[PDB]
Structures are given as structure tokens and as C-alpha cells.
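**Q** Take a look at this one; I'll ask things after.
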Amino acid sequence: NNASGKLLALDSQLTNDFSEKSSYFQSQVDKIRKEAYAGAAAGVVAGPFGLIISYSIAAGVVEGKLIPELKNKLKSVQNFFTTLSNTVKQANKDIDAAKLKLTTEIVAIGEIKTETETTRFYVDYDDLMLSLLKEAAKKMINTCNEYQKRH
Amino acid sequence: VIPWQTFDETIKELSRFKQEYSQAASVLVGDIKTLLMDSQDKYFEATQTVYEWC
């Protein structure tokens, strides 16, 4: 029960921090573009040659190498998020199946313990030829053989 | 001429609010989950004991 709550507390933090990284990405790309196209405006210290040879470097390097690499890194983060969400979703199914497997066996053992206690109380009449104790023992034999057939 | 530092401070403040309250709510919901599973285990034990007596 403790791990089944820690797993949910991890899953909700994951699904919030993925969106707060996906907004940080768009807030940072615009900063890269601001710095590039603001530093490239200092090519007015030369003539018209020194302006185009700065805007060509800026709009080539930033728009051809730095933005698609960040988009590929964001795609890798998305694939990681999907994989870890599937891992959490599988761990929940494993825990629930184990708990159901244990409770079914508790009920199946109780179905034997009821008849065992009933026969134990039927012994206390001090009459071994009592037909009710004979029928209870014949019921316990069938119950024990049907338990042993299952395991 | 372009106020970028105030823009960054505003973005970081509005992100820190959400980070703080996600971190605060996740632990409490994960504790309520554990309590709701322990209650179901106690309920099963009590009803099975009464059924086995009956």
C-alpha cells in the first residue's frame, strides 16, 4: 500500500513537469533568436557587406543547426515521458493482480476452515456414531480432495 | 530598450508557483491513496471474519 501511493505521487509530478519543460523550451528558443538577431545588428560598423555577412551567418547557423537540434532533444524527452508512463501503468497492474491473487486464496482457505471448525464442534457431543458428524467428515473429505486437485 | 530580465523573472515566478503546488499536492494525494487501500484491507478482513463465524 505504500508503494502503490508513491507510484501515483511520482506519476502526477511527471505529468506536470513535462508540461513545465515544454513551456521552457518555447521560452528559451525566442531568447536564442533575440540574442542572435540582436548581436547580428552590430554589422553596421562596416558597410553593406559587413551587414549581410553577419545576417547570413546568423540566419544560417541559428535557423539551420541550433533550432532543429533542440527540437530533436524535445522529441527525445517526449519519447522518454511516454516510456516511463507505460512503466508506471504496468506496475499498477502488477500490484493489483498480486493483491487479487492473495485475497482469493484467503477466501478459499476460509471455505475449509469453516467446515473444520464445524466438525470440531460436532465432535464434542461424545457420540462417534452420530450421523451428523459422519456427514460433516464426508463433506471435509470432498473439500480437501477438491483443494488438492487445484494445487 | 528591450526589457528581457523582467520577462525572465516573470516567467520564472509563474513557473515556480506551479512547481511548488504540484510538489505539495502530489504527496498528499499519494497518502490518501495508501489510506484508501489500507481501509479496504481492514474492511475485507472484518467481513471475512464475520462470514467465517456465521
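Chain labels run A, B, ... following the order of the C-alpha cells; each chain numbers its residues from 1, and ligands are numbered from 1 in the order shown.
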Using only C-alpha atoms, which chain A residues lie at most 9 Å away from chain B, written as a PDB file with N, CA and C atoms, in the first residue's frame?
**A**
```pdb
ATOM      1  N   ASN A   1       0.798  -1.221   0.000  1.00  0.00           N
ATOM      2  CA  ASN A   1       0.000   0.000   0.000  1.00  0.00           C
ATOM      3  C   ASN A   1       0.832   1.274   0.000  1.00  0.00           C
ATOM      4  N   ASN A   2       2.063   1.232   0.505  1.00  0.00           N
ATOM      5  CA  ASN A   2       2.900   2.427   0.493  1.00  0.00           C
ATOM      6  C   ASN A   2       3.463   2.686  -0.900  1.00  0.00           C
ATOM      7  N   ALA A   3       3.963   1.636  -1.558  1.00  0.00           N
ATOM      8  CA  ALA A   3       4.483   1.771  -2.913  1.00  0.00           C
ATOM      9  C   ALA A   3       3.383   2.110  -3.906  1.00  0.00           C
ATOM     10  N   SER A   4       2.161   1.620  -3.673  1.00  0.00           N
ATOM     11  CA  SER A   4       1.059   1.972  -4.559  1.00  0.00           C
ATOM     12  C   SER A   4       0.608   3.426  -4.424  1.00  0.00           C
ATOM     13  N   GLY A   5       1.078   4.157  -3.416  1.00  0.00           N
ATOM     14  CA  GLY A   5       0.824   5.582  -3.315  1.00  0.00           C
ATOM     15  C   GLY A   5       2.002   6.405  -3.793  1.00  0.00           C
ATOM     16  N   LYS A   6       3.218   5.896  -3.540  1.00  0.00           N
ATOM     17  CA  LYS A   6       4.424   6.532  -4.074  1.00  0.00           C
ATOM     18  C   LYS A   6       4.430   6.539  -5.597  1.00  0.00           C
ATOM     19  N   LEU A   7       3.846   5.511  -6.215  1.00  0.00           N
ATOM     20  CA  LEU A   7       3.799   5.441  -7.671  1.00  0.00           C
ATOM     21  C   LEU A   7       2.890   6.523  -8.258  1.00  0.00           C
ATOM     22  N   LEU A   8       1.739   6.772  -7.625  1.00  0.00           N
ATOM     23  CA  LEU A   8       0.845   7.841  -8.072  1.00  0.00           C
ATOM     24  C   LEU A   8       1.452   9.217  -7.828  1.00  0.00           C
ATOM     25  N   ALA A   9       2.130   9.387  -6.686  1.00  0.00           N
ATOM     26  CA  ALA A   9       2.812  10.643  -6.403  1.00  0.00           C
ATOM     27  C   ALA A   9       3.974  10.907  -7.352  1.00  0.00           C
ATOM     28  N   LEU A  10       4.576   9.866  -7.925  1.00  0.00           N
ATOM     29  CA  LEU A  10       5.576  10.088  -8.965  1.00  0.00           C
ATOM     30  C   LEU A  10       4.927  10.415 -10.305  1.00  0.00           C
ATOM     31  N   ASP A  11       3.808   9.751 -10.620  1.00  0.00           N
ATOM     32  CA  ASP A  11       3.168   9.929 -11.923  1.00  0.00           C
ATOM     33  C   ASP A  11       2.603  11.336 -12.100  1.00  0.00           C
ATOM     34  N   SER A  12       2.011  11.905 -11.044  1.00  0.00           N
ATOM     35  CA  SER A  12       1.442  13.248 -11.175  1.00  0.00           C
ATOM     36  C   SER A  12       2.528  14.313 -11.325  1.00  0.00           C
ATOM     37  N   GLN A  13       3.638  14.163 -10.591  1.00  0.00           N
ATOM     38  CA  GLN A  13       4.765  15.081 -10.732  1.00  0.00           C
ATOM     39  C   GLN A  13       5.396  14.983 -12.112  1.00  0.00           C
ATOM     40  N   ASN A  16       3.133  16.816 -14.595  1.00  0.00           N
ATOM     41  CA  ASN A  16       3.204  18.274 -14.506  1.00  0.00           C
ATOM     42  C   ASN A  16       4.542  18.833 -14.994  1.00  0.00           C
ATOM     43  N   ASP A  17       5.652  18.185 -14.632  1.00  0.00           N
ATOM     44  CA  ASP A  17       6.959  18.706 -15.009  1.00  0.00           C
ATOM     45  C   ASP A  17       7.256  18.540 -16.491  1.00  0.00           C
ATOM     46  N   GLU A  20       5.795  21.717 -17.830  1.00  0.00           N
ATOM     47  CA  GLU A  20       6.638  22.852 -17.462  1.00  0.00           C
ATOM     48  C   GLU A  20       8.034  22.820 -18.081  1.00  0.00           C
ATOM     49  N   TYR A  24       9.144  25.811 -21.114  1.00  0.00           N
ATOM     50  CA  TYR A  24      10.502  26.340 -21.003  1.00  0.00           C
ATOM     51  C   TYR A  24      11.229  26.298 -22.339  1.00  0.00           C
ATOM     52  N   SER A  27       9.999  29.212 -24.338  1.00  0.00           N
ATOM     53  CA  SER A  27      10.510  30.458 -23.776  1.00  0.00           C
ATOM     54  C   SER A  27      12.000  30.638 -24.036  1.00  0.00           C
ATOM     55  N   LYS A  31      14.579  33.370 -26.809  1.00  0.00           N
ATOM     56  CA  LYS A  31      15.759  34.030 -26.260  1.00  0.00           C
ATOM     57  C   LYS A  31      16.973  33.838 -27.161  1.00  0.00           C
ATOM     58  N   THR A 103      -6.136 -12.260  -2.037  1.00  0.00           N
ATOM     59  CA  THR A 103      -7.447 -12.266  -1.381  1.00  0.00           C
ATOM     60  C   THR A 103      -8.311 -13.452  -1.807  1.00  0.00           C
ATOM     61  N   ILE A 106      -7.214 -16.274   0.376  1.00  0.00           N
ATOM     62  CA  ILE A 106      -7.745 -16.117   1.736  1.00  0.00           C
ATOM     63  C   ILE A 106      -9.184 -16.626   1.823  1.00  0.00           C
ATOM     64  N   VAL A 107     -10.011 -16.292   0.826  1.00  0.00           N
ATOM     65  CA  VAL A 107     -11.392 -16.784   0.805  1.00  0.00           C
ATOM     66  C   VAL A 107     -11.435 -18.308   0.639  1.00  0.00           C
ATOM     67  N   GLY A 110     -10.666 -19.901   3.922  1.00  0.00           N
ATOM     68  CA  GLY A 110     -11.800 -19.766   4.829  1.00  0.00           C
ATOM     69  C   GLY A 110     -12.909 -20.767   4.574  1.00  0.00           C
ATOM     70  N   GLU A 111     -13.112 -21.135   3.304  1.00  0.00           N
ATOM     71  CA  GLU A 111     -14.090 -22.171   2.964  1.00  0.00           C
ATOM     72  C   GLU A 111     -13.740 -23.543   3.540  1.00  0.00           C
ATOM     73  N   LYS A 113     -11.729 -23.729   6.538  1.00  0.00           N
ATOM     74  CA  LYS A 113     -11.678 -23.520   7.984  1.00  0.00           C
ATOM     75  C   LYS A 113     -13.069 -23.534   8.609  1.00  0.00           C
ATOM     76  N   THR A 114     -14.091 -23.103   7.857  1.00  0.00           N
ATOM     77  CA  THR A 114     -15.472 -23.182   8.340  1.00  0.00           C
ATOM     78  C   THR A 114     -15.898 -24.626   8.604  1.00  0.00           C
TER      79      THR A 114
END
```
**Q** Any idea what the distance is between CA of residue 66 (chain A) and CA of residue 3 (chain B)?
**A**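 Pair CA of residue 66 (chain A) / CA of residue 3 (chain B) returns 24.1 Å.
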**Q** Could you work out how far CA of residue 75 (chain A) lies from CA of residue 90 (chain A), giving the answer in Å with one decimal?
**A** 23.0 Å
**Q** As an MDAnalysis selection string, please: all residues of chain A that backbone DSSP puts in alpha helix (DSSP H).
**A** chainID A and resid 3:39 49:61 67:123 131:150
**Q** Mind pulling up the distance from CA of residue 148 (chain A) to CA of residue 105 (chain A)?
**A** 13.4 Å
**Q** What's the 7 Å shell around region 43-45 of chain A, counting only C-alpha atoms, without same-chain residues fewer than 4 positions away, as a list in words?
**A**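 That gives residues 50, 51 and 54 of chain A.
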